[PDB]
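Undergrad: Chains as they are written, first to last, in full-length UniProt numbering: chain A, 6 to 34, 50 to 192, 201 to 230, 261 to 375; chain B, 2 to 539; chain C, 1 to 527; chain D, 1 to 22, 45 to 60; chain E, 8 to 545.
My questions will all concern the structure given below.
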Amino acid sequence: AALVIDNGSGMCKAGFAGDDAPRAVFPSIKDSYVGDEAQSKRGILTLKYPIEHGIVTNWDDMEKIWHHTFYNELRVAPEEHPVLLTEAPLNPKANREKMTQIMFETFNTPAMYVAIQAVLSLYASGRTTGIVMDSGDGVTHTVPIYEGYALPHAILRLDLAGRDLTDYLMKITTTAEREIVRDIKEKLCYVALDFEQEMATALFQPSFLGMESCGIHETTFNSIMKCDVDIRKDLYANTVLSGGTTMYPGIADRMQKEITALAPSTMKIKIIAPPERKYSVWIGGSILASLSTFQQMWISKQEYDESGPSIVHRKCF
Amino acid sequence: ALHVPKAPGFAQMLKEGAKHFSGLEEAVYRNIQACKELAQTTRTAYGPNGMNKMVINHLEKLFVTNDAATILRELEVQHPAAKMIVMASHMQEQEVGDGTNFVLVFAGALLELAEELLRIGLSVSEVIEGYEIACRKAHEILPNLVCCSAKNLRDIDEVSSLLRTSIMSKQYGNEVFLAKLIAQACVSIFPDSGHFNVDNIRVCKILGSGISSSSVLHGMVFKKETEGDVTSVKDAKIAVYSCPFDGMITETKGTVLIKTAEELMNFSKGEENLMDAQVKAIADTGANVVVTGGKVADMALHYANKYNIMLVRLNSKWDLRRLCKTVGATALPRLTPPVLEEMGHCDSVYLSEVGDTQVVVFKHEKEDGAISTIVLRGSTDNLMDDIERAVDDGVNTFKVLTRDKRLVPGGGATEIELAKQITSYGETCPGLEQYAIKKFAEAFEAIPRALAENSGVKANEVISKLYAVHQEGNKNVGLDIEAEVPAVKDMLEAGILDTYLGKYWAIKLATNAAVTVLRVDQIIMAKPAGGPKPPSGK
Amino acid sequence: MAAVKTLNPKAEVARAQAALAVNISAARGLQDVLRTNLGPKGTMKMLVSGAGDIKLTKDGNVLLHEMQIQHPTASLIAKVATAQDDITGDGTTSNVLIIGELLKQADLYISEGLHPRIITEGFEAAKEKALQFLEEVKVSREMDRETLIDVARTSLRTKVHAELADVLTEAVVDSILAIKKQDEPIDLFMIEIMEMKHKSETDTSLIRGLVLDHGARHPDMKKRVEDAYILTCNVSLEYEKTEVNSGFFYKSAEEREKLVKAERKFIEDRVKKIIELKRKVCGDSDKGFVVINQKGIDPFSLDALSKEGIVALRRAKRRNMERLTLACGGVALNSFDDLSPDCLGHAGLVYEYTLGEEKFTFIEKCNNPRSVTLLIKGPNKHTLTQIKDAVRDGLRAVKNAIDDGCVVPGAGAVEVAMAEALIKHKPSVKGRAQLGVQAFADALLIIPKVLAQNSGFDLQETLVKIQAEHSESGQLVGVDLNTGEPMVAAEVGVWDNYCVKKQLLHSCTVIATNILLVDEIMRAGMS
Amino acid sequence: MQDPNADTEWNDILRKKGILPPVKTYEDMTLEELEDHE
Amino acid sequence: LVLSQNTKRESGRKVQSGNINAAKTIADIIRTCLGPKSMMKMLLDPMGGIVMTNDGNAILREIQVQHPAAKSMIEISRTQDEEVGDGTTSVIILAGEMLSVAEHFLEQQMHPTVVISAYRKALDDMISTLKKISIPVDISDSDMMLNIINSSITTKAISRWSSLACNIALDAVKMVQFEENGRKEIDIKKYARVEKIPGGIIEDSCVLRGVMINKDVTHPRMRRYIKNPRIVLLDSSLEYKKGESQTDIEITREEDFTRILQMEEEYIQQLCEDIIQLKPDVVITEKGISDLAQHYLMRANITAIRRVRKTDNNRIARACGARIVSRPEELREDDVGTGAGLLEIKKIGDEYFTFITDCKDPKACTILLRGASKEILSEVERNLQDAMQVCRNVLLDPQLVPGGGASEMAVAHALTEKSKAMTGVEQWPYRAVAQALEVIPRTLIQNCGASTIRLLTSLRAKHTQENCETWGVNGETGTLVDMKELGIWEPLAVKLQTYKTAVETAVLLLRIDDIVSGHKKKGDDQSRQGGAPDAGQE
Ligand SMILES: Nc1ncnc2c1ncn2[C@@H]1O[C@H](COP(=O)(O)OP(=O)(O)O)[C@@H](O)[C@H]1O
Ligand SMILES: Nc1ncnc2c1ncn2[C@@H]1O[C@H](COP(=O)(O)OP(=O)(O)O)[C@@H](O)[C@H]1O
Ligand SMILES: Nc1ncnc2c1ncn2[C@@H]1O[C@H](COP(=O)(O)OP(=O)(O)O)[C@@H](O)[C@H]1O
Ligand SMILES: [Mg+2]
Ligand SMILES: [Mg+2]
Ligand SMILES: [Mg+2]
């Protein structure tokens, strides 16, 4: 089979291909028996999670985690199973070379592949083309995808995530009380089609927060407009949202309306954002690792030995 | 007793949606039938009388053309043997640029005749032997059929007469105009060195004035506007920068650390004074035109307007490289003033409005340069795309003539002479190879047959006439398109000629494709994937 | 995927090698199932219908029709076995085994690139030589009770337990040796077979008379008659309405009463004729009178006959007419127009037996009955069915041994000897059909092989011992199922039917040849 | 669905994950019919 | 809309190539079942049955198709089987080859009417050539007729028992030969019944000098063996049945019920007395016989058999020389049947069978087949039908023609030699139809496992000499032989009908260019057939 380790700036969410749920959610997942079956895990339990804002800070930590998400929470061997790792969109090449050196050299994995988290999210929803708006805890990303691959040239990156969202709400300071504001953020926070008619009975606009770059709907629109005019229909009509940040307000229709406004009066835009399987990236990875085109895309161990960081970078510089 | 079970072994162990075909009946004949369907799909587009096709691809995009390779690309060919013939046709397009439809027609014909021979009782191995030996004879023969040669590629009348044939099959009605344009463009390029690069012929498609309004431009055209207030320049001193037209910033991270009210008061004035100094150094080198591959800053644009410099912004890097080749400049990664060698020059750089489109034109007056543009006017984008394909055919023919200046007669003359000579060779070869040699010979008849069928005349009358006249000794005789009845005429004296290399490679690739398709005996198709397509091809 | 699938897309097709593989695999599967049926050391299979009914069987034909199979080759072989059973009664398991083994031995050489046509030519040559060797080794014997007993033993010991086989032997041989007329083909219909479900299975007996599965429906009728005149009739003694829709019309209750008395005059007259015959033939109560009617008898007629002391059974079987006229010795009548005492038979005993809810009528002590009955007694329905199958096999066996006065040694002896003769004959065959001959020989050799396999011995060692003994001595030898050693089948009383062996050779060769020459199985009659 | 449901493995994986939902007898013969054969 | 939603319509070269490909597919289904080295096919009926055969019509009859061209080819096979009873594979293969060589000419711009005219000319000349190369035969030569029948069964599974099957078919046909009132007739369909009892051995199968039915005596007192039976046949029931009218009776008197029942008994007595007046030994009825009638017939010492089929009764009439009657009062000695030499009723297996099997001059017979199983005997019956139909075709037209493809090659050569004088445009289709006849030898050679190219070349060359019209192929050795040395001689009628059917179907399928499908039947009112008036007709 193929181990599908979904880092997803969350937990490890590792398992096997074919499983509808991961089997190794390490971060925040016996005793009185004999052996080292708690101490070895007791060490990892208090180890800081390397990925911050969707980027790996401490690699030794991450490697120790993976090693403990292979030998302890899966009780398997990576020397015979291909691995599908996940990376955040627009992830530096250096991080890719590091993780590929870890897998092929340390864990001696026969073959591996690194997929974009938004692409796997789109896969778990069953589609292969569309523009994914991924807004988590630290970053916001718009990933246009056509034929199942994240077009590396139309990835617009703005920053208005859970933190930036709860910020203005705090404005309306202490950790516990800004987390009361964040509890309200976690709970119902219905998106407003029009803030006028929503405040009458009491990210889209940078000025609201205090930024001066662009809204998320503007971001999606321009990411669609930096693609093929023929696939434009598919991008506009298959916009898939993901991320607990964007889920909390449940923003579908405000986006839809202002994106329709921006787009020509031709393409009909439909946004599918009701899943919330809480393992979308994992299921997308499992689907990919189950396919045979994954064997096609395999960066093999021999390929790695022959090319190195160049094979991880897929040439084409 | 109401169901036949799968036989023990491979029939049972095979996966669910997989298919297995084996033998002449399940595999060879089905492959030949698929290739025949392909050849039939593209046959009616062969030649000047070939009709256009309106292919709509999966993205609902429309292609109106009689260019075989374009139709094949935009068709979703799913049968693997047909896929192989298309792979051969695309290799022909890549190597030569013209002759893809010949490859298809000839491969389909060879496969049909191979099916015939297998039915009479020959083995695929013997068919392959005969086809290969006959291809070798065809290659031995073709050099002797060469009638003309270019003898000069710096001229424009000879080059126009030479490109006319390649740009006649496509765009039959207007072939003197387009051949003139493509000859003008090709000869402005093609330096004293024998190397000719086809990417240096640029084609700008602007809409609205009929194809006769097309023109050649010794220079470059960009469907852009100017960033500043200046729009025209008569003695361009272009300075090209791969960097933006802004102040250089740090690669790590930059923070303006203020600790005194004075630093705060002076920072912005210092920034603008720095920008003024930079652009004034550029202007003082004499540059009146600046072309940046990156963005433009508001202050830098301000000062470029102040010092009367025309600013142009080219988003693409290939556009920047081609502009550098055009003007004789060097893309500087810094905003430093250019040295006398790093600067480029143009007899004119101006903003114009061709039709609805606004364009920036870098126009030389000399009848040369490193890059030339063909501005195609036309009432339809599809029409202009078809004319661009015709331009590509003419340019690839010019390159083939730079590589090999030899020419063979067209209009089916070379094909008929090849058929005759290879039949005469097969009549001498004893053994079971003679059948396959004679079928390989008769396969050439498919070309004048398709030309006749498309002209609207009886292919049998035409082929009989051609055989009779080529028996009398005339190897340069081919069929006449200008005849309501079956007729024939001297292809040479008419000026209808093909490229030795074109025919060479077309025959080689078509024969290899047919022979490859025949060598298949078992096919084991897998269940169709839902995979996100090939990873490398993106 | 082929020619047929382009015209009928929902078509199933097996071509050349695939078709051969399909057919041979199915044949080998049937053989694997039936290998255990062969011989007395075989095992009984239990077969449960979709209703839950139980069958205990060792019979190849029964097992075939009862196995749950849907294969075309299995259908072909089932029909071949059904023909074997319909004509000979035995030889079905051996039929299936020889078919499967011919197919296997031919696949041995066809996998080596040999064409099946040449194997079939070798099959035909070997058939000729084997039929010759069979006619040569057949033992023409005057069919005495001892010989017939040994034959029926060889069959019944394969089909049932040893004690029950030793009983059914005497029953079957006596039954046939009784219903048999000198040089006149044996009508097995003249052996009724009645099963009773009350006592042990070793109580199965031969009644030298008849057993009807019904009795008298009038209670006052005697339940036992000693010296009985039997009147076998096919005359309605119940009320029959007119064909032409008559109906009665009366103007008074007295006229209605007269019409009620009159409407039965027609049947009262036939009852009176019977009663007058009874009085004229037995003027006292010393003898008895038994009427057996193929048609009905209404309660009025039953009363009229009981009053005179007649035991009347009604609605007997159309075969019992002939069985009673051949056992007892009367004449079966469709009318009592001119009936005489010569129309009557005699039975030295007639009585009735009640078993639960049913009644039986025994007619015994006939003089020289050319018809008898086998009373299959047993405690279970499946025991009775098993014994019925066994007695069918045994009756067919004795009939065939009498009809074909020759008899062939058993225990695979004839097969061993025919294999040796075929192998010695091989050089006289021209070309590679010698391989077909070899295949025929090793196929014939499956009977001793399976017999050894079922007695619990090593097939190869036993077979080499047996072939060695037959080549050094020439004595027709087969398997001793208790020692695994060679034994002379003719000396130990293991006999087979020459007709059965010939039918095996012919039908097996023919069906195997036709199967090997199949190159396409095709189901395309859909839609 | 995003793609046309056909004989492909992608739809099958989606289905496995949970997306893209997937004369008889003498019993009937009359008096006349019974006589017919007998 | 204009036409229904379910109405599809195809037109043009697509339809033509599709029909030709469907025909070619039907031909490829049964191409391997041709010749003495053919292989069997095990087809599965939708009734759970099985059909093992190498008979073209059996195969194509158990297949069902949806393409109308394939339907036309199956109808070809049916027509050939009904007319001549052989050639059901040769006809299909020839039609397929002709449609192939017509596909060749329709790919070019030749109109189907031209191909059709050429086909009709070629058919005329095929007929002329067959009649010219044929030979006559003396039908009184039993050995000659047996060899003729062997040449027809050598291809079928019963070839193993060839003397037996040949004698069976010959005896059967010679007996069922019947002339009455100046009209010769054979009628193998109604007489010469084939009755197959599974079991026994095929070598004991025989044709009876009489008939056989599956019936027993009505009463076990009847005789089952009679050595000179006088036989009476009846269409009427010997029972007392109701009248046509409403014959309700009304009873008031006491004696009337009993008298009516006695009247019934006396009517039965009177019928049986009308019968006994003729003093028969056997009485055979198509309807029932009452038990009282059995009593009276038995008193007369008459054996009676009831519920016999009308066809069986007609065969018994033809065999024993009797006339069926429906009113015993109208019975005559001219209606009584003498000619039978033995009536027996014997138990075959577990079934009683009535034989009338010592007849003198029986104009009907029963072929008693014995064998391994029902399927094998069904195949034997089909083969015997082939043999008998061939024997009949011979006795009608005693002209003989050489087989092994010799006739096909002779005709091909004659047509090729006549084509030279044509000098028109139909010479190509003509010479194609001439060279399409060689698919019979070709297929034969293929089924042997020999080299088609070399052997067919040697044969085509042999048939160009003067006295070589009889040279053909040996289907069991893969060589060339003279047919007067091999012995394979077909009936001229068979070959004529084969060629005619093939050419006519080629014509039928070439005239089609358009298919309209899906439209409804428009007929539901009890399947309207013809009922209507006309214009006078007086
Ligand atoms: N004026 C003409 N008369 C006859 N044949 C011509 C003429 N112009 C071009 N051809 C023939 O048309 C064929 C090429 O046409 P085209 O459709 O472009 O096929 P390809 O794509 O293989 O070049 C060549 O055989 C060429 O000789
Ligand atoms: N006591 C015995 N010892 C050795 N062989 C026997 C004995 N009884 C029967 N056989 C052989 O076993 C074979 C199979 O017996 P049976 O199963 O009744 O025949 P079938 O296989 O036709 O049902 C027969 O060929 C018979 O000769
Ligand atoms: N022994 C033989 N050798 C060569 N050809 C034969 C031989 N026997 C028959 N033929 C020819 O081969 C063909 C066989 O016909 P067959 O397979 O029975 O199909 P059909 O007669 O129904 O067309 C006929 O043309 C016959 O003349
Ligand atoms: Mg061209
Ligand atoms: Mg037995
Ligand atoms: Mg025939």
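Virtual Cβ for every residue (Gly too), placed ideally from N, Cα, C.
1. Within the present structure, is the beta-carbon of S79 (chain E) separated from the nearest heavy atom of ligand 2 by less than 6 Å?
2. Please tell me whether, using a cut-off of 6 Å, the distance from the CB of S159 (chain E) to the nearest non-hydrogen atom of ligand 6 is below it.
3. Under 8 Å between beta-carbons, which chain B residues line up against residue 42 (chain A)? List them in chain order, please.
4. For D25 (chain A), decide whether its Cβ has a neighbour in chain D, counting only Cβ atoms nearer than 7 Å.
5. With 7 Å as the limit, tell me which residues of the segment 159 to 179 of chain E have their beta carbon closer than that to any beta carbon of chain C; keep them in chain order.
6. Shorter than 6 Å, the distance from the beta carbon of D144 (chain C) to the closest heavy atom of ligand 5, or not?
7. Taking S285 (chain C) as the reference, give the member of C:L302, C:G209, C:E308 and C:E268 with the closest Cα.
8. CB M196 (chain C) to CB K377 (chain C), shorter than 7 Å?
9. Under a three-way DSSP split, which group does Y126 (chain E) fall into?
10. Do you know offhand how far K197 (chain E)'s Cα is from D393 (chain E)'s?
11. Comparing alpha-carbon positions, which option in C:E268, C:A397 and C:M321 lies nearest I297 (chain C)?
12. In chain A, which residues lie less than 8 Å from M1 (chain D) when you measure between Cβ atoms?
13. With DSSP run on the structure shown, which of helix, strand or coil describes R377 (chain E)?
14. When you compare the CB of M355 (chain A) with every CB in chain B, is at least one pair closer than 7 Å?
15. Just grab the DSSP bridge partners of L105 (chain A) for me.
16. On a Cα-Cα basis, can you pick out the residue from C:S94, C:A27, C:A3 and C:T92 that is closest to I69 (chain C)?
17. Quick one: grab the DSSP three-state call for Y198 (chain E).
18. How would you list, in chain order, the residues of chain E whose beta-carbon sits under 8 Å from the beta-carbon of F300 (chain C)?
19. For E240 (chain C), which of helix, strand or coil comes out of DSSP?
20. Is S456 (chain B) near ligand 4, in the sense that its beta carbon is under 6 Å from a heavy atom of that ligand?
21. In three-state terms, what does DSSP make of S233 (chain B)?
22. Since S23 (chain B) sits in a beta bridge, which residues does DSSP pair it with?
23. Whose CA, out of E:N474, E:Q504 and E:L503, lies closest to the CA of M490 (chain E)?
24. Look up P6 (chain B) in the DSSP assignment and say whether it is helix, strand or coil.
TA: Taking the coordinates as given:
1. Translated into the one-based positions of the fifth sequence, residue 79 (chain E) becomes position 72. Every heavy atom of ligand 2 is 6 Å or more from the Cβ of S79 (chain E), so no.
2. Locating residue 159 (chain E) in the fifth sequence gives position 152, where the first residue counts as 1. Yes, ligand 6 has a heavy atom inside 6 Å of this Cβ.
3. Missing here is residue 42 (chain A): after 34, the next number in chain A is 50.
4. For the purposes of this step, residue 25 (chain A) is identified with residue 20 of the first sequence, where counting begins at 1. Yes, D25 (chain A) counts as interfacial toward chain D.
5. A164 and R167
6. In the third sequence, counting from the first residue as 1, residue 144 (chain C) sits at position 144. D144 (chain C) Cβ: outside cutoff for every heavy atom of ligand 5.
7. The count along the third sequence starts at 1 and reaches residue 285 (chain C) at position 285. Measuring from the Cα of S285 (chain C), the nearest candidate turns out to be C:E308.
8. As a working note, residue 196 (chain C) is residue 196 in the third sequence. As a working note, residue 377 (chain C) is residue 377 in the third sequence. Their beta carbons are under 7 Å apart, which means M196 (chain C) touches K377 (chain C) by this criterion.
9. For this step, residue 126 (chain E) is matched to residue 119 along the fifth sequence. In the structure shown, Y126 (chain E) sits in a helix (DSSP, three-state: H, G or I).
10. Looking up residue 197 (chain E) in the fifth sequence gives position 190. Looking up residue 393 (chain E) in the fifth sequence gives position 386. Using only the alpha carbons, I get a separation of about 16 Å.
11. On the third sequence, position 297 is the one that residue 297 (chain C) refers to. The shortest Cα separation from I297 (chain C) among C:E268, C:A397 and C:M321 belongs to C:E268.
12. Against the fourth sequence, residue 1 (chain D) aligns to sequence position 1. Neighbours of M1 (chain D) on chain A, chain order: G146 and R147.
13. Translated into positions along the fifth sequence, residue 377 (chain E) becomes position 370. Here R377 (chain E) sits in strand by DSSP.
14. Numbered from its first residue, the first sequence carries residue 355 (chain A) at position 297. It does; some Cβ of chain B falls within 7 Å.
15. The count along the first sequence starts at 1 and reaches residue 105 (chain A) at position 85. Bridge partners of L105 (chain A): A:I10 and A:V134.
16. To locate residue 69 (chain C), count along the third sequence from 1; it is residue 69. Ranking C:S94, C:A27, C:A3 and C:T92 by Cα distance to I69 (chain C) puts C:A27 first.
17. Translated into positions along the fifth sequence, residue 198 (chain E) becomes position 191. In this structure, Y198 (chain E) counts as coil in the three-state DSSP scheme.
18. As a first step, residue 300 (chain C) is located in the third sequence; it is residue number 300 there, counting from the start. Chain E residues near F300 (chain C): none, gap ~15 Å exceeds 8 Å.
19. Position 240 of the third sequence holds residue 240 (chain C). It is coil, neither helix nor strand.
20. As a first step, residue 456 (chain B) must be located in the second sequence, where it is residue number 455. Checking the Cβ of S456 (chain B) against ligand 4 gives no.
21. One-based indexing of the second sequence puts residue 233 (chain B) at position 232. Correct three-state label for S233 (chain B): strand.
22. Taking the first residue of the second sequence as 1, we reach residue 23 (chain B) at position 22. In DSSP, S23 (chain B) forms a bridge with B:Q523.
23. Position 483 of the fifth sequence, counted from the start, is the residue given in the question as residue 490 (chain E). Of the candidates E:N474, E:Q504 and E:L503, the one whose C-alpha sits nearest the C-alpha of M490 (chain E) is E:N474.
24. Counting from 1 along the second sequence, the entry for residue 6 (chain B) is found at position 5. Reduced to three states, the DSSP call for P6 (chain B) is coil.
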